[PDB]
Ligand SMILES: NC(=O)c1ccc[n+]([C@@H]2O[C@H](COP(=O)([O-])OP(=O)(O)OC[C@H]3O[C@@H](n4cnc5c(N)ncnc54)[C@H](OP(=O)(O)O)[C@@H]3O)[C@@H](O)[C@H]2O)c1
């Protein structure tokens, strides 16, 4: 194909060569040399770009702009060049089409500002920026010895093995981004990484006109993570943020290795320097100063892990599906069970030959066990139904009986396991054992038996250990229906004629699963805010900690705040802010000073003031700075100053202060039936300015005609421009108060003439970087951006004097106040629905609830868990978990912690208490056995003694004596059950028995174990002691007392870590969820084994 | 060449079709829809343009701008 | 670059006519800090509002004659 090359040197189809990414290049007709490329970085355009994806979404890698910059040097600065200070900003998420505009302009000689950006929906978004340099000297780094380098680095990291680990943090590298074959390292001291990279087959064909392929350059950035110091330290989501210097010394076609070097390695990020080598070891590209940090914070990682780790049992309303001999055994003979009578009659009624056994307590258990084993070998039976005797309200008694009930189930369970033939199906029937319907008050006794049947279903799965929770009102005809249907659910319940089925699942919600309360309106802190903007039904009243003000601040008792159009957007998430953080609802207020912070001479207590703050002014109490409040004149009230403040302010500033509104000059006021619009009409009228106004609604336009203003146009058009131009004989206006956007924003500028004063109050267009054409400014115009909100922060003394003059001007009566529609704080949602609909006219005021009336509030993470003004108790606090939380609680700022354990302080524990007592806070140690009642009273009395009320309890007390079903003794059950359950009832009783000191506690938590939920074989006794305690906690909550239970996994000092549980504990205490299950899940062996055996864990298999 | 096309079905040079006069086209990232072309109308690029000359000097005929306008309609 | 420089107070006084008559699309994003752009064309003002120019000359001739302002390097 020589012929082919000599053939080609002859014709010409009209085309031009372009870069794959950058795209079509045009140079702008303007001095200086300004360039502009426009190219698609879409997934349909460049399929290969879909293989790099974050959280299952294709995004543009850093390396993609690295190339874009490197490319852009040679066309701008016709020479060899470096790319300086390359920064990436927002993460470009890709679609089938994603157009991007690269733009490089010369600024100084051999220097050019480089910039990548994307325009969608009118919002320009700068995705990457740099400087380009062509004046730098070619100081080619010395070539390395590829083979020698590999000798110094023997520790081989497989590429795949590293790319699997990437997918766990959320970064996916598909087939195209699999270039990194392997990386060789040495130790944490040696800071280098040899990486054998290569461009994949699909892309070696598509190398086209790349300086360096982004897929390849990204493959070298992957190699930086292979380093041991990087794996050890920054063990989170690492993303590239920029590169200080990027130079290509030639063709990166033939690049087989990358030589990385770590500069700095920190928890925040990793700086590194790279060198792409060929087989000869000669440097082809040097990316020196690559920064890889973490935007996706270490706090959001914890929050996300916590959510995947929690488990709770949920009940589904189910129906009995589809379509042998039986034995109905009892656990109490002196108690006559109508359930056992009615079930034996319904099985014989259905046509099954059913026998009966009366195994009771205080009986010859060895003789009755032999009698049972004889009945099994005598006749082959399908199933065995174990009915448990009912007390037929005292918990103290149900806790003592609960042991005798468990011990009795262990004796029955051991005989059914030791069967010659096929063991029959076990159906344990309990009376209101656990909580299913929200209305239920659980009947204990049987509460502890759900842990044993869960352990028996795991140890001996031949007999499918099923549980059936039953109530009094239900009918025996429907109960036997379940026994003969043979459904595989191992945990079920019955309430009335409906049937309920258990199913395990993670549910870390924060809506109804959040703390609730009732608070006074005159006293106690209550703010109003949306939990998730967009939904107005999500508008909640929330409580806050009303604190002492100062220094140089004030706490104002609000009588009335306003509803500005700002406050509407915020509700819908549509609000722009320089801060970035979505502002808090309500800007201005009208109230009275409650407390003046140390130390200010201007403000005094009891003064009627009006101000601004942010921090949520739709509340009973607002803390504002001294700078941001001003005393009200005798002429206006708290409700009158609430409406006026920002509207008249924004207008005063705008028209008289900036634009210097003269008399007679023509002013345009967009949407003049609104708040700021009425205020505009007022000052424009005072001033004598000829008003030209707009409105969207014809009702609201005829409303402006009724206000004696001719020259009313549609605000939702660009017609007003040419309508006003005709209605002014081609003169146009003088001032434009521009609330309106885009074509209507540009149209206003085009309208006003010579005098030309454009007051832009509308943020949308500025925070979208709408590039306004300067041409009309040829007539001596003046653009004025306004952001009062920001001024409140930058120059608050202006905003103070502005609020002050508008309160004076209106109180004097210089300006008349506008349409004020008062609303109750409750119906603040409806104001937004109306204002959002544009139905309203003028200002809407929200009246704050006066009078000590109660309102249901919602404390989120303002819950005072660890507080100095309260006392704490920690049973089992001299070892293991309980002692770790005692050190963390003192550290968290707690006053008086009474630790306890039956054993005296251990030697390493006595050393931990010495160092904690020296560091401020006190750790009172009170020995005793929580099983004895006097011990729990002694602990409470000790914690209160130092004039501090009891604000929290923890139950880490436990005894773990594990054994297989065959060797679980009656004595061993008492040792595990006694501290777990008898300590809870004593701790419960001590709190009620105590005076007002203990009738104020915020929480009461019990440290259970996930082996109760799962059924770890060998636990049994310890698993049953926990199940009762999980139900007791739910009973304590039913009565009204606070109660919490956390089923903990496997602790360190794959597995639960020490600091992992402390943060998890504090999270769970702040929420109103009663039962919690913190345990490792991932793809464990015990979970995959449990999911396939029973349908309780159906959602885990997936 | 069926062969040359199959072996070239792998290393393809990135190029794009353009108008002879208008040339390279870019739509600016701004409202309203604003387009922009840059192109050569020189005698080296378009030899035939040297044949139209006013007072012995080569000039762009009126007809060239007609074509440019007609071309710019559809995009 | 000059617009991007000024902060909060932000008072950009463009006396230079080249970029205005060129219809340069000026990115509005820097204005988020309460900036203020002022176009100045005394030449046009002399026609549209000659009284303001009369007073503007009269006030500088007064300030410079009073000595309030010192005159600059003048080369005849
Ligand atoms: N710091 C500042 O820069 C600052 C401070 C406060 C206020 N302002 C601005 O002033 C403007 C008006 O505030 P305001 O509360 O005093 O007046 P407003 O009239 O109370 O606000 C509602 C107005 O917004 C217009 N509108 C446009 N699109 C709308 C939509 N999707 N939904 C509802 N209404 C829509 C309506 O115009 P029609 O009459 O045409 O239907 C309506 O009259 C806002 O842009 C606000 O941010 C600026």
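Values for this structure:
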| item | result |
| --- | --- |
| Expected-Rg normalisation [2.2 N^0.38 Å, Cα atoms] applied to the range A:837-923 | 1.91 |
| More than 21 angstrom apart: percent of Cα pairs within the range A:784-900 | 70 percent |
| Packing-based order for A:1021-1029, A:668-676, A:633-641, A:895-903, using average beta carbon neighbours within 10 Å, highest first | A:1021-1029, A:668-676, A:895-903, A:633-641 |
| Centroid-to-centroid separation of the range A:874-922 and the range B:48-75 [C-alpha atoms, Å] | 92 Å |
| Spacing of the two label points (7 Å from each Cα toward its C-beta) at residue B:68 and residue A:904, in nm | 10.3 nm |
| The range A:454-528 - Kirkwood radius from inverse mean 1/r over Cα pairs (Å) | 16.6 Å |
| Cubic angstrom per residue, convex hull over Cα atoms of the range A:524-600 | 118 Å³ |
| For the range A:480-638, alpha-carbon Rg and Dmax in angstrom | 24.2, 84 |
| Globularity index of the range A:677-832, i.e. its alpha-carbon radius of gyration over 2.2 N^0.38 Å | 1.15 |
| Cα point-scatterer Debye curve for the range A:587-639, base-10 log of I(q)/I(0) at q = 0.16, 0.23, 0.26, 0.28 Å⁻¹ | -0.42, -0.87, -1.11, -1.26 |
| Mean shadow area of the range A:892-961, taken as a quarter of the surface of its Cα convex hull (nm²) | 5.6 nm² |
| Euclidean distance between Cα centres, the range A:568-644 to the range A:760-833, Å | 15 Å |
| Three-way shape call for the range A:414-466 based on the alpha-carbon gyration tensor, with the a/c threshold at 1.5 | prolate |
| Area projected by the alpha carbon convex hull of the range A:831-878, averaged over all directions, nm² | 7.6 nm² |
| Alpha-carbon Rg/Rh ratio, for the range A:195-281, with Rh computed the Kirkwood way | 0.98 |
| FRET efficiency estimate (nearest 0.05) - Cβ-Cβ, residue A:604 to residue A:475, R0 56 angstrom | 0.15 |
| Dimensionless Rg over Rh [the range A:1038-1102; C-alpha; Kirkwood] | 1.05 |
| Whether the range A:990-1066 is rounded, prolate or oblate, judged on the alpha carbon gyration tensor where a/c under 1.5 counts as rounded | oblate |
| Kirkwood Rh in Å, taken over all unlike Cα pairs in the range A:135-263 | 15.6 Å |
| Of all DSSP beta bridges in the protein assembly as shown, antiparallel share, percent nearest 5 | 65 percent |
| Extended-chain gain in nm, criterion 0.36 nm per residue less alpha-carbon gap, residue A:869 and residue A:826 | 12.2 nm |
| Convex hull per residue volume in Å³, alpha carbons only, for the range A:491-536 | 193 Å³ |
| 18 Å reach of a label modelled at residue B:58, 7 Å along Cα-to-Cβ, counting backbone N of the range B:3-27 | B:20-23 |
| Neighbouring partner chain Cβ atoms per residue of A:25-38, average, 10 Å criterion | 3 |
| Two-decimal log10 I(q)/I(0) for the range A:255-327, as the Debye equation yields it once each C-alpha is a single scatterer, q = 0.12, 0.17, 0.22, 0.26 Å⁻¹ | -0.63, -0.85, -0.99, -1.12 |
| Counting DSSP beta bridges with both ends in the range A:605-758, the antiparallel % (nearest 5) | 20 percent |
| Shape category assigned to the range A:387-490 from the gyration tensor of Cα positions, a/c cut at 1.5 | oblate |
| P(r) histogram, all alpha-carbon pairs of the protein assembly as shown included - 10 Å bins from 0, percent | 1, 7, 12, 13, 15, 16, 14, 10, 6, 3, 1, 0, 0, 0 |
| Convex hull of the range A:971-1035 built on C-alpha atoms - directionally averaged projected area, nm² | 4.9 nm² |
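For neighbour counting, all protein chains shown are included, and Cβ atoms are generated from backbone atoms with ideal geometry for every residue, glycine included. We did not get these values from a lab; they are worked out from the coordinates using the rules stated.
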